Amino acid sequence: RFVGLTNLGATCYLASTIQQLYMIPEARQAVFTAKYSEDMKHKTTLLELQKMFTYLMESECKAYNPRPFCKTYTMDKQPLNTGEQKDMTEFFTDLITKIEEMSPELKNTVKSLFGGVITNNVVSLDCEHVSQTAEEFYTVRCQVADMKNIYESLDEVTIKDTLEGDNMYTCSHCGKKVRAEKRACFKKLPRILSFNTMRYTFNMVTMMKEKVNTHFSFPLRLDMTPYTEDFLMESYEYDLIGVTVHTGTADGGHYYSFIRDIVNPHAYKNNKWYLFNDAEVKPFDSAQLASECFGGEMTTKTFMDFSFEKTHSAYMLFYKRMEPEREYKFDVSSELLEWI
């Protein structure tokens, strides 16, 4: 049905990343049909990702052992350590950027599928000059602390701040100190929008990072129009297709994934979801997304109620752009079909 990925030690973050990539048809097919070139920058990683995807699609087993892929993977220091819990957002961004660097073809596919452009504007209120700079992204960081839902988070990402009094902007054109309005807006949005729902605050008394477990909701249907460049200064509506959940603390936490099957049509109409948790994959009742992903308090019996905040909650949200109008053909190379 669906194949898991064996945890090699502390590789929760890898399994969540590869499975969500695998379940995005456009990404699965671009990996299978990738064009190799003799002097390409991540050649072995490509082959091992092709094999992983091939194994996930065609293996009769229950789990792939991603050890060959890890042993070819380099992030900052040369090897990828099997027993260190990497940040999932960082790994997702690292992999996607590797794929982008493989070839011009893949860079174009990746920038369209996962990439977007933020514009940072500053509008002077005391001269005619404007400044605007572009910022590319693959994920959008969304503050969860003191926010009730992802719209309030995006209101904060997109907040118009005015530089005044002591914080006066210096216009580079006329060299004057000026009041100005500074604002971030989305100029281009990817087909697959990824949000890192960030629950960590720096307690600068402990000098440590602490997880926020308050309630934070997000909808199945999201309208990005009010955050777009046109609105502030192709469809903008999205459907939720996956949630990477983090449970525990920053230190000793773990990741697992609720993912929608958008590959299988006569099952996509039935809104079938699955829980991908290392080597174990099983169907998920998506009516339970709020319970499993929104955080906030729950109660249990101790006889009296005992109340605590859930330590499991959304870590990354995956949204797919709505398209007005398939059964997918994946072209695994003949040689890989031989291997599997």
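Quick note: we count residues from 1 along the sequence shown, nothing fancier.
Peer 1: What size is the break between residue 127 and residue 128 in terms of deposited sequence residues left without coordinates: none, 1 to 3, 4 to 9, or 10 or more?
Peer 2: Nothing is missing between them.
Peer 1: In this entry, is the chain continuous from residue 302 to residue 303, or are deposited residues missing in between (none, 1 to 3, 4 to 9, 10 or more)?
Peer 2: In the record, 4 to 9 residues between residue 302 and residue 303 lack coordinates.
Peer 1: Given the B-factors recorded for C-alpha atoms, which segment has the greater mean, 99 to 107 or 79 to 87?
Peer 2: Mean C-alpha B-factor is greater for 79 to 87.
Peer 1: Identify the stretch, either 304 to 312 or 37 to 45, whose C-alpha atoms have the larger mean B-factor according to the entry.
Peer 2: Mean C-alpha B-factor is greater for 37 to 45.
Peer 1: Highest recorded C-alpha temperature factor, please, choosing from 93, 228, 257, 203.
Peer 2: Comparing C-alpha B-factors across 93, 228, 257, 203, the maximum falls on 203.
Peer 1: So among 252, 219, 190, 242, who wins on Cα B-factor in the entry?
Peer 2: Going by the entry's C-alpha B-factors, 252 comes out highest.
Peer 1: Ranking every modelled residue in this chain by its Cα temperature factor as given in the entry, which third contains residue 261?
Peer 2: For residue 261, the deposited C-alpha B-factor lands in the middle third.
Peer 1: Can you tell me which third, lowest, middle or highest, the CA B-factor of residue 145 falls into for its chain?
Peer 2: Its C-alpha B-factor belongs to the middle third of this chain's values.
Peer 1: Compared with the other modelled residues in the chain, in which third is the CA B-factor of residue 215?
Peer 2: It falls in the bottom third of the chain.
Peer 1: Split into thirds by Cα B-factor across the chain's modelled residues, where does residue 61 land: lowest, middle or highest?
Peer 2: For residue 61, the deposited C-alpha B-factor lands in the highest third.
Peer 1: Going by what the PDB entry lists, where does residue 12 fall on CA B-factor within its chain: lowest, middle or highest third?
Peer 2: Middle third of the chain for residue 12's C-alpha B-factor.
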